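See below for my_file-v3.cif, which holds mmCIF, C-alpha atoms.
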```
data_upload
loop_
_atom_site.label_atom_id
_atom_site.label_comp_id
_atom_site.auth_asym_id
_atom_site.auth_seq_id
_atom_site.Cartn_x
_atom_site.Cartn_y
_atom_site.Cartn_z
CA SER A 9 51.53 35.90 -8.19
CA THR A 10 52.22 32.23 -8.90
CA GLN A 11 50.13 30.68 -11.70
CA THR A 12 46.44 31.17 -12.50
CA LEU A 13 43.51 28.79 -12.22
CA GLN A 14 43.09 26.71 -15.38
CA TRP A 15 40.65 23.92 -16.23
CA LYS A 16 40.61 21.72 -19.31
CA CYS A 17 39.22 18.51 -20.79
CA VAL A 18 41.81 15.74 -21.11
CA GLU A 19 39.78 12.82 -22.50
CA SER A 20 36.42 12.25 -24.19
CA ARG A 21 35.42 8.85 -25.57
CA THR A 22 32.11 7.98 -27.23
CA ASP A 23 31.75 4.36 -26.12
CA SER A 24 28.28 4.13 -27.69
CA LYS A 25 25.49 6.35 -28.98
CA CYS A 26 23.90 6.68 -25.52
CA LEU A 27 27.07 6.61 -23.40
CA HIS A 28 29.64 9.42 -23.22
CA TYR A 29 32.65 9.93 -20.97
CA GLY A 30 34.71 12.97 -20.06
CA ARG A 31 37.62 13.75 -17.73
CA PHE A 32 38.63 17.27 -16.69
CA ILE A 33 41.51 18.89 -14.80
CA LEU A 34 41.82 22.00 -12.64
CA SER A 35 45.10 23.74 -11.93
CA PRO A 36 46.77 25.34 -8.86
CA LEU A 37 43.90 25.16 -6.38
CA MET A 38 44.91 26.13 -2.86
CA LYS A 39 43.98 24.01 0.15
CA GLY A 40 40.36 23.21 0.92
CA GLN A 41 39.00 24.47 -2.38
CA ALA A 42 39.41 21.16 -4.20
CA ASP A 43 37.38 19.08 -1.74
CA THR A 44 34.51 21.58 -1.69
CA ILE A 45 34.45 21.85 -5.48
CA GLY A 46 34.58 18.09 -5.94
CA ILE A 47 31.85 17.19 -3.47
CA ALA A 48 29.55 20.02 -4.56
CA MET A 49 30.01 19.15 -8.24
CA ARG A 50 29.40 15.44 -7.61
CA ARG A 51 26.19 16.13 -5.68
CA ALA A 52 24.97 18.61 -8.29
CA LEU A 53 25.73 16.27 -11.18
CA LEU A 54 24.03 13.33 -9.46
CA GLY A 55 20.89 15.18 -8.40
CA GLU A 56 20.36 18.54 -10.08
CA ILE A 57 20.47 18.18 -13.87
CA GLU A 58 17.12 17.48 -15.54
CA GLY A 59 16.44 15.16 -18.46
CA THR A 60 13.25 14.47 -20.38
CA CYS A 61 11.78 10.99 -20.73
CA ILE A 62 8.59 9.10 -21.52
CA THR A 63 6.16 8.96 -18.59
CA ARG A 64 2.87 7.45 -19.83
CA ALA A 65 2.14 4.97 -22.63
CA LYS A 66 -1.35 4.50 -24.08
CA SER A 67 -2.20 1.45 -26.19
CA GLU A 68 -5.22 0.46 -28.28
CA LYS A 69 -7.27 -2.72 -27.71
CA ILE A 70 -5.34 -4.03 -24.71
CA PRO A 71 -7.06 -5.13 -21.46
CA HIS A 72 -4.23 -4.75 -18.94
CA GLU A 73 -0.46 -4.59 -18.54
CA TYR A 74 0.11 -8.35 -18.30
CA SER A 75 -1.58 -9.25 -21.58
CA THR A 76 -0.46 -10.86 -24.83
CA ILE A 77 -1.00 -9.62 -28.39
CA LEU A 78 -1.19 -11.83 -31.47
CA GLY A 79 1.74 -11.34 -33.83
CA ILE A 80 4.01 -9.76 -31.18
CA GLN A 81 6.73 -11.74 -29.41
CA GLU A 82 6.95 -9.16 -26.59
CA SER A 83 4.38 -8.95 -23.83
CA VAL A 84 2.86 -5.57 -23.03
CA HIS A 85 4.79 -5.25 -19.75
CA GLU A 86 7.97 -6.10 -21.66
CA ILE A 87 7.13 -3.27 -24.07
CA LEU A 88 6.76 -0.82 -21.17
CA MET A 89 10.07 -1.96 -19.69
CA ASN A 90 11.82 -1.60 -23.06
CA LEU A 91 10.19 1.80 -23.59
CA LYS A 92 11.52 3.29 -20.34
CA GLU A 93 15.10 3.22 -21.67
CA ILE A 94 14.47 5.52 -24.66
CA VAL A 95 16.64 8.62 -24.29
CA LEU A 96 15.40 12.03 -25.46
CA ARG A 97 16.51 15.66 -25.53
CA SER A 98 14.65 18.91 -24.87
CA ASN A 99 15.07 22.22 -23.07
CA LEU A 100 11.50 23.47 -22.44
CA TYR A 101 9.56 22.78 -19.23
CA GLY A 102 6.25 21.05 -19.90
CA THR A 103 4.62 17.79 -20.96
CA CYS A 104 4.26 16.86 -24.63
CA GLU A 105 2.65 14.06 -26.62
CA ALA A 106 3.99 11.56 -29.14
CA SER A 107 2.76 8.60 -31.15
CA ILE A 108 3.96 5.45 -32.89
CA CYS A 109 1.83 3.89 -35.66
CA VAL A 110 3.59 1.02 -37.44
CA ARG A 111 2.45 -1.85 -39.66
CA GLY A 112 3.01 -5.56 -39.12
CA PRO A 113 6.01 -7.80 -39.75
CA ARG A 114 8.65 -5.07 -39.59
CA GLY A 115 10.53 -4.94 -36.29
CA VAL A 116 10.01 -1.64 -34.48
CA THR A 117 12.92 0.47 -33.22
CA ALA A 118 13.35 3.90 -31.62
CA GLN A 119 13.47 5.62 -35.03
CA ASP A 120 9.77 4.80 -35.55
CA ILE A 121 8.75 7.31 -32.88
CA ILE A 122 6.99 10.53 -33.91
CA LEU A 123 8.21 13.51 -31.94
CA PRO A 124 7.23 17.14 -31.31
CA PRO A 125 9.40 19.73 -33.07
CA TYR A 126 11.67 20.42 -30.07
CA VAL A 127 12.30 16.80 -28.97
CA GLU A 128 14.76 14.41 -30.62
CA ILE A 129 16.05 10.92 -29.88
CA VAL A 130 19.76 10.27 -29.40
CA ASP A 131 20.05 6.58 -30.13
CA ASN A 132 18.16 5.35 -33.17
CA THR A 133 18.39 1.59 -32.80
CA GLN A 134 17.05 0.91 -29.28
CA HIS A 135 14.73 -2.08 -29.57
CA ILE A 136 11.22 -1.16 -28.42
CA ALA A 137 9.05 -3.78 -30.12
CA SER A 138 9.29 -6.91 -32.27
CA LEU A 139 6.59 -7.84 -34.79
CA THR A 140 6.01 -11.12 -36.64
CA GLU A 141 2.52 -11.04 -38.20
CA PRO A 142 0.63 -8.19 -39.92
CA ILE A 143 -1.26 -6.25 -37.25
CA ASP A 144 -1.61 -2.46 -37.21
CA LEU A 145 0.14 -1.30 -34.03
CA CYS A 146 -0.72 2.15 -32.63
CA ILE A 147 0.57 3.43 -29.28
CA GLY A 148 0.44 6.93 -27.79
CA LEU A 149 3.08 8.26 -25.41
CA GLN A 150 3.57 11.23 -23.10
CA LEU A 151 6.91 12.96 -22.56
CA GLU A 152 7.88 14.96 -19.48
CA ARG A 153 10.88 16.91 -18.18
CA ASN A 154 11.33 16.72 -14.40
CA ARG A 155 14.22 16.46 -11.93
CA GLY A 156 15.17 13.30 -10.08
CA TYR A 157 13.08 10.19 -9.62
CA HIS A 158 9.31 10.75 -9.61
CA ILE A 159 6.52 8.22 -9.06
CA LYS A 160 3.07 8.64 -10.61
CA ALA A 161 -0.38 7.28 -9.82
CA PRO A 162 -2.22 4.80 -12.08
CA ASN A 163 -5.05 7.29 -12.59
CA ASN A 164 -6.39 8.45 -15.99
CA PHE A 165 -7.40 4.98 -17.12
CA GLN A 166 -9.04 5.51 -20.54
CA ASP A 167 -8.87 2.23 -22.48
CA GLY A 168 -5.40 1.93 -20.99
CA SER A 169 -2.82 4.55 -20.02
CA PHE A 170 -0.02 2.75 -18.24
CA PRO A 171 2.26 5.17 -16.34
CA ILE A 172 5.96 4.27 -16.38
CA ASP A 173 7.86 5.61 -13.36
CA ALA A 174 10.59 7.06 -15.55
CA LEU A 175 13.90 7.93 -13.92
CA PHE A 176 15.19 11.40 -14.80
CA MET A 177 18.89 10.48 -14.76
CA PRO A 178 20.98 12.08 -17.53
CA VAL A 179 24.31 11.59 -15.71
CA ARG A 180 25.18 7.92 -15.28
CA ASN A 181 28.20 8.32 -12.99
CA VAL A 182 30.56 10.87 -11.45
CA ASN A 183 34.02 10.57 -9.88
CA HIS A 184 36.73 12.97 -8.74
CA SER A 185 40.23 13.06 -7.29
CA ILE A 186 42.39 15.61 -5.47
CA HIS A 187 46.12 15.22 -6.09
CA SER A 188 49.16 17.16 -4.86
CA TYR A 189 51.11 19.86 -6.69
CA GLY A 190 54.34 20.10 -4.66
CA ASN A 191 54.54 23.89 -4.98
CA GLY A 192 57.30 24.23 -2.40
CA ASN A 193 56.08 25.98 0.74
CA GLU A 194 52.67 26.81 -0.75
CA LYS A 195 50.37 23.77 -0.76
CA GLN A 196 48.48 23.49 -4.05
CA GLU A 197 46.46 20.61 -5.45
CA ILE A 198 45.26 19.30 -8.81
CA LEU A 199 41.59 18.34 -9.10
CA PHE A 200 40.39 15.77 -11.63
CA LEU A 201 36.71 15.31 -12.52
CA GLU A 202 35.14 12.38 -14.35
CA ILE A 203 31.61 12.33 -15.79
CA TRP A 204 29.71 9.52 -17.54
CA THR A 205 26.46 10.61 -19.22
CA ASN A 206 23.85 8.67 -21.17
CA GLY A 207 23.86 10.76 -24.36
CA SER A 208 20.96 13.02 -23.40
CA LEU A 209 23.65 15.58 -22.54
CA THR A 210 27.41 15.63 -23.06
CA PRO A 211 30.34 16.46 -20.79
CA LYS A 212 31.11 20.20 -20.74
CA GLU A 213 27.30 20.60 -20.87
CA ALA A 214 26.28 18.48 -17.88
CA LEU A 215 29.11 20.24 -16.05
CA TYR A 216 27.71 23.61 -17.17
CA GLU A 217 24.15 22.84 -16.06
CA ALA A 218 25.37 21.30 -12.80
CA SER A 219 27.44 24.38 -11.95
CA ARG A 220 24.56 26.70 -12.81
CA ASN A 221 21.99 24.78 -10.73
CA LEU A 222 24.34 24.97 -7.75
CA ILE A 223 24.90 28.71 -8.18
CA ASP A 224 21.13 28.92 -8.34
CA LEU A 225 20.86 27.17 -5.00
CA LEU A 226 23.54 29.11 -3.10
CA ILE A 227 22.07 32.45 -4.12
CA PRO A 228 19.32 33.63 -1.67
CA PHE A 229 21.94 34.56 0.93
CA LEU A 230 23.43 37.31 -1.24
CA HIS A 231 20.19 39.28 -1.00
CA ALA A 232 19.52 41.04 2.29
CA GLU A 233 16.24 40.74 4.20
CA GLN B 694 -19.89 -18.81 -4.12
CA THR B 695 -23.69 -18.76 -4.15
CA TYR B 696 -26.24 -20.79 -2.19
CA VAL B 697 -29.89 -21.79 -2.53
CA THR B 698 -31.75 -20.34 0.46
CA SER B 699 -35.47 -20.64 1.20
CA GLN B 700 -36.48 -17.39 -0.51
CA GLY B 701 -34.19 -17.72 -3.53
CA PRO B 702 -30.84 -19.02 -4.83
CA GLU B 703 -28.98 -15.74 -4.18
CA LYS B 704 -29.56 -14.15 -7.57
CA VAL B 705 -26.53 -12.48 -9.17
CA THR B 706 -26.98 -8.90 -10.34
CA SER B 707 -25.09 -5.84 -11.56
CA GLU B 708 -27.05 -3.43 -9.34
CA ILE B 709 -27.60 -3.39 -5.57
CA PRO B 710 -30.30 -1.25 -3.90
CA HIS B 711 -28.98 1.76 -1.97
CA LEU B 712 -25.35 1.01 -2.78
CA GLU B 713 -23.01 3.79 -3.85
CA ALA B 714 -22.69 3.86 -7.64
CA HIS B 715 -19.01 4.77 -7.32
CA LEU B 716 -18.46 1.41 -5.62
CA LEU B 717 -20.08 -0.20 -8.69
CA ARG B 718 -18.19 1.79 -11.35
CA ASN B 719 -16.14 -1.24 -12.44
CA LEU B 720 -19.00 -3.75 -12.11
CA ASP B 721 -19.99 -5.21 -15.47
CA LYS B 722 -23.57 -5.57 -16.69
CA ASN B 723 -23.54 -9.27 -15.77
CA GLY B 724 -22.53 -8.66 -12.15
CA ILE B 725 -18.80 -9.44 -12.09
CA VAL B 726 -16.01 -6.88 -12.47
CA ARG B 727 -14.30 -7.09 -15.86
CA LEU B 728 -10.57 -7.16 -16.55
CA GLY B 729 -8.32 -4.13 -16.26
CA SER B 730 -10.13 -2.34 -13.43
CA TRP B 731 -7.84 -0.80 -10.80
CA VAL B 732 -9.95 -2.12 -7.93
CA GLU B 733 -9.11 -0.49 -4.60
CA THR B 734 -9.92 -1.50 -1.02
CA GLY B 735 -13.62 -1.76 -0.23
CA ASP B 736 -14.64 -2.03 -3.89
CA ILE B 737 -17.19 -4.67 -4.86
CA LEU B 738 -15.85 -7.53 -6.98
CA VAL B 739 -18.89 -9.83 -7.15
CA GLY B 740 -22.20 -8.73 -5.66
CA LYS B 741 -25.11 -11.16 -5.28
CA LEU B 742 -28.49 -9.98 -4.02
CA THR B 743 -29.12 -12.60 -1.37
CA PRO B 744 -32.90 -12.62 -0.76
CA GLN B 745 -33.38 -11.18 2.72
CA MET B 746 -36.54 -11.89 4.68
CA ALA B 747 -39.35 -9.33 4.64
CA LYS B 748 -38.54 -8.96 8.33
CA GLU B 749 -39.73 -5.46 9.16
CA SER B 750 -40.50 -6.81 12.64
CA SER B 751 -36.90 -7.95 13.20
CA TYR B 752 -35.44 -4.68 11.89
CA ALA B 753 -33.90 -2.53 14.61
CA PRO B 754 -35.87 0.60 15.60
CA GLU B 755 -32.86 2.71 14.59
CA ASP B 756 -33.04 1.25 11.08
CA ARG B 757 -36.78 2.00 10.92
CA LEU B 758 -36.16 5.58 12.10
CA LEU B 759 -33.41 6.04 9.50
CA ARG B 760 -35.62 4.68 6.72
CA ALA B 761 -38.71 6.68 7.74
CA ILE B 762 -37.25 10.08 8.69
CA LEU B 763 -34.89 10.26 5.70
CA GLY B 764 -37.18 8.42 3.28
CA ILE B 765 -34.87 5.43 2.79
CA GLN B 766 -36.79 2.60 1.14
CA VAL B 767 -37.24 -0.78 2.84
CA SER B 768 -35.72 -3.62 0.81
CA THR B 769 -35.79 -7.40 1.24
CA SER B 770 -32.26 -8.11 -0.03
CA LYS B 771 -29.17 -8.54 2.12
CA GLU B 772 -26.00 -6.61 1.27
CA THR B 773 -23.91 -9.54 0.01
CA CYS B 774 -20.82 -8.82 -2.09
CA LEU B 775 -17.12 -9.66 -2.30
CA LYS B 776 -15.78 -6.41 -0.89
CA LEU B 777 -12.01 -6.07 -1.25
CA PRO B 778 -10.31 -6.29 2.18
CA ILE B 779 -7.72 -3.88 3.56
CA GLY B 780 -4.84 -3.92 1.14
CA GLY B 781 -5.07 -6.41 -1.68
CA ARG B 782 -5.25 -3.63 -4.25
CA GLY B 783 -4.27 -4.28 -7.83
CA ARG B 784 -5.41 -4.79 -11.40
CA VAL B 785 -7.79 -7.62 -12.28
CA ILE B 786 -5.98 -10.08 -14.53
CA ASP B 787 -8.48 -12.96 -14.74
CA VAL B 788 -12.11 -13.75 -13.92
CA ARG B 789 -13.78 -17.17 -13.79
CA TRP B 790 -17.47 -18.01 -13.44
CA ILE B 791 -18.68 -21.61 -13.12
CA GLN B 792 -21.76 -23.48 -11.91
CA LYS B 793 -22.74 -26.99 -10.78
CA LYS B 794 -23.75 -29.94 -12.95
CA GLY B 795 -24.99 -33.08 -11.22
CA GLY B 796 -28.11 -34.66 -9.79
CA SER B 797 -29.34 -31.37 -8.35
CA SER B 798 -31.27 -29.09 -10.71
CA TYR B 799 -29.89 -25.94 -9.05
CA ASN B 800 -26.47 -24.62 -10.09
CA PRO B 801 -24.63 -22.62 -7.39
CA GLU B 802 -22.25 -20.37 -9.31
CA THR B 803 -18.71 -19.86 -8.01
CA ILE B 804 -16.63 -16.87 -9.12
CA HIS B 805 -12.83 -16.59 -8.93
CA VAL B 806 -11.16 -13.18 -9.28
CA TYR B 807 -7.39 -12.91 -9.69
CA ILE B 808 -5.97 -9.59 -8.47
CA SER B 809 -2.29 -9.09 -9.25
CA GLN B 810 -0.09 -6.43 -7.67
CA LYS B 811 3.38 -5.18 -8.62
CA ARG B 812 5.02 -4.72 -5.21
CA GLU B 813 8.36 -2.92 -4.99
CA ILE B 814 10.89 -3.20 -2.14
CA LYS B 815 10.20 -0.81 0.73
CA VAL B 816 11.04 -0.26 4.39
CA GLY B 817 10.08 -3.37 6.35
CA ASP B 818 10.81 -6.00 3.71
CA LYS B 819 13.17 -8.88 4.46
#
```
Before anything else, please render the file you have as structure tokens.
Amino acid sequence: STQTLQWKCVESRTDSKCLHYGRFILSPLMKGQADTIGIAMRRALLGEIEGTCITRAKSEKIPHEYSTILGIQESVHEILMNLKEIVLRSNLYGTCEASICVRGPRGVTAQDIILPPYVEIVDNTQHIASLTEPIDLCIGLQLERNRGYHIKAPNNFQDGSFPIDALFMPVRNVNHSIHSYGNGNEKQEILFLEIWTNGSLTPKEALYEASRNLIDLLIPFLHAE
Amino acid sequence: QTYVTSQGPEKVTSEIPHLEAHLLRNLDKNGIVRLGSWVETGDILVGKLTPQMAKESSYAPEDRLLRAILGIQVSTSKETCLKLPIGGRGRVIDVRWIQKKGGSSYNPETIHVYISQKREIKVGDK
């Protein structure tokens, strides 16, 4: 009889290519609903959305992880560490392959990656390698889409296939607040949400996926048995 | 290290009689594991065929029964190798092989193997 539930986006800043922020508001929520919505949405956003990333890097003519290469200022382990931060997008479950074959004194960035048709990078200037002298540099990579943090074994040696324990975190941070509405006798409350993502997704999409994963999870009970 | 016994100066080799080949998968042709191998616990790093006595008389009757009933051959070389202890897993980052140079004509060779390990922070750390 009094008002209807409304939700809207009140702010969205693009601080950088791989960092996006978004604040949202909900309208006349009666008691108890706001806390449940806020806590469920925070948990879902922190641990339900899935984001693809590089999981295994294969290099040519390299003995081990802690080795040096002529003409490269960055050690191999440094290259793995720098390679873990590359952000990617996809929507299909399954592992894929990728490669990077670059010449010598260039300076290698994230735009030098070669990607399958359905995978694209979001930032295009993330430093991944620095080159000084002319040496042909060829590295193969594997891309995977999982949920949450996963740790992999060092198996599948080949010449060298170093597995990077990539973190599947598309949402950097989440916050919420439950204010008061002062609706006379009836106690209403205003709920504010706040999402920081890393550019793999965007607000109003991470929120969508996080709501849908939750409504996935709550569902078995509706069926009888 | 290696020593000069009565029979022989503990010859270094890449193969050991009646030793599991899986335990020698990372062993190089010279006899020392090469770089990059993900050596686990119980894996041989350096294996030297110490010349064992031809002591069939000293061999236990159980050993003789095992070698005769199952056809296991009788060898005169002791099982001498640098087996990795419990834990200590990792990736070989450096190998060193040296010998002796002095008045003695025999050169006991000493081998150093450097096994690194990237250890995270887990329950029980301080």
Spatial neighbours of residue 736 (chain B), 8 Å, all atoms listed in the file, chain gap at least 2 places, as an NGL selection string: :B and (716-717 or 732-734 or 738 or 776-777)
Spatial neighbours of region 57-74 of chain A, 8 Å, all atoms listed in the file, chain gap at least 4 places, as an MDAnalysis selection string: (chainID A and resid 52:53 83:85 88 91:92 94:98 146:156 167:179 208 214 217:218 221) or (chainID B and resid 728:729 784 786)
The PyMOL selection byres ((chain B and resi 695) around 12) applied to the shown file, residues as a list in words: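 Evaluating the PyMOL selection byres ((chain B and resi 695) around 12) on this file yields residues 694, 696, 697, 698, 701, 702, 703, 704, 705, 739, 740, 741, 742, 743, 744, 773, 774, 775, 790, 791, 792, 793, 799, 800, 801, 802, 803 and 804 of chain B.
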Would you mind exporting C-alpha atoms of the selected residues as a JSON list (two decimals), in the coordinates of the input?
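Contents of selection36.json, as written:
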```
[["chain", "number", "residue", "atom", "x", "y", "z"],
["B", 694, "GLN", "CA", -19.89, -18.81, -4.12],
["B", 696, "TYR", "CA", -26.24, -20.79, -2.19],
["B", 697, "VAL", "CA", -29.89, -21.79, -2.53],
["B", 698, "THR", "CA", -31.75, -20.34, 0.46],
["B", 701, "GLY", "CA", -34.19, -17.72, -3.53],
["B", 702, "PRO", "CA", -30.84, -19.02, -4.83],
["B", 703, "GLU", "CA", -28.98, -15.74, -4.18],
["B", 704, "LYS", "CA", -29.56, -14.15, -7.57],
["B", 705, "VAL", "CA", -26.53, -12.48, -9.17],
["B", 739, "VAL", "CA", -18.89, -9.83, -7.15],
["B", 740, "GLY", "CA", -22.20, -8.73, -5.66],
["B", 741, "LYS", "CA", -25.11, -11.16, -5.28],
["B", 742, "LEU", "CA", -28.49, -9.98, -4.02],
["B", 743, "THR", "CA", -29.12, -12.60, -1.37],
["B", 744, "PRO", "CA", -32.90, -12.62, -0.76],
["B", 773, "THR", "CA", -23.91, -9.54, 0.01],
["B", 774, "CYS", "CA", -20.82, -8.82, -2.09],
["B", 775, "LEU", "CA", -17.12, -9.66, -2.30],
["B", 790, "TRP", "CA", -17.47, -18.01, -13.44],
["B", 791, "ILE", "CA", -18.68, -21.61, -13.12],
["B", 792, "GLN", "CA", -21.76, -23.48, -11.91],
["B", 793, "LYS", "CA", -22.74, -26.99, -10.78],
["B", 799, "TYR", "CA", -29.89, -25.94, -9.05],
["B", 800, "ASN", "CA", -26.47, -24.62, -10.09],
["B", 801, "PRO", "CA", -24.63, -22.62, -7.39],
["B", 802, "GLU", "CA", -22.25, -20.37, -9.31],
["B", 803, "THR", "CA", -18.71, -19.86, -8.01],
["B", 804, "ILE", "CA", -16.63, -16.87, -9.12]]
```
Residues matched by the PyMOL selection byres ((chain A and resi 201) around 12) as a ChimeraX atom specification: /A:15-19,29-35,42-43,45-50,53,181-187,198-200,202-204,211-212,215
Expected selection from the PyMOL selection byres ((chain A and resi 12) around 8), given as an mmCIF file with C-alpha atoms, in the coordinates of the input:
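Listed below is the output, out15.cif:
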```
data_model
loop_
_atom_site.group_PDB
_atom_site.id
_atom_site.type_symbol
_atom_site.label_atom_id
_atom_site.label_comp_id
_atom_site.auth_asym_id
_atom_site.auth_seq_id
_atom_site.Cartn_x
_atom_site.Cartn_y
_atom_site.Cartn_z
ATOM 1 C CA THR A 10 52.220 32.230 -8.900
ATOM 2 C CA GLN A 11 50.130 30.680 -11.700
ATOM 3 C CA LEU A 13 43.510 28.790 -12.220
ATOM 4 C CA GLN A 14 43.090 26.710 -15.380
ATOM 5 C CA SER A 35 45.100 23.740 -11.930
ATOM 6 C CA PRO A 36 46.770 25.340 -8.860
#
```
Residue nearest chain A among B:750, B:706, B:730, B:719 (counting only C-alpha atoms):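 Looking at the shortest contact to chain A, the residue is B:730.
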Residue 81 (chain A) environment, 8 Å, all atoms listed in the file, sequence neighbours closer than 3 positions dropped, as a ChimeraX atom specification: /A:138-140
